[PDB]
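Colleague:
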Amino acid sequence: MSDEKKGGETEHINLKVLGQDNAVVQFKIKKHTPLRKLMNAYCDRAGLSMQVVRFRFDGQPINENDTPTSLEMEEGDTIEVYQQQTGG
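For reference, each letter of the sequence shown is one residue, going -8 to 79 in our numbering.
Right, dumping it as structure tokens:
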């Protein structure tokens, strides 16, 4: 309903984001779009710096330019966050 907004957008993939600690969250994005307008958007809406929020995909670094339609796993990301300490 109003407090949730669960009705819109067709061709999308879900991402599962795993914290090193115990925090797990999951996000939604179109396969076409680059990651930056999801990433910095959540960084602002949470209110934090990317310099402490250390992410890795396949145990390796990743960038904003690589669209997931260049990657093609279909869906289901399992990207990790190696956090600083308490904060999320």
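Every residue, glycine too, gets a C-beta built ideally from N, C-alpha and C.
1) So the candidates are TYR33, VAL44, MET30; which of them puts its Cα closest to the Cα of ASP12?
2) Any idea which residues DSSP pairs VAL8 with across the strands?
3) If you compare alpha carbons, which of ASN5, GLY79, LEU29 is closest to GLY38?
4) Taking 7 Å as the limit between beta carbons, can you name the residues of its chain near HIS23, skipping five residues before and five after?
5) Distance check for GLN42 and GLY10, CA to CA, integer angstroms please.
6) In angstroms with no decimal places, state the Cα-to-Cα distance between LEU26 and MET(-8).
Modeller: So, to answer that:
1) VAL44
2) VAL16
3) Looking at the Cα atoms, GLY79 is the closest of the given residues.
4) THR58, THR60
5) 15 Å
6) 27 Å
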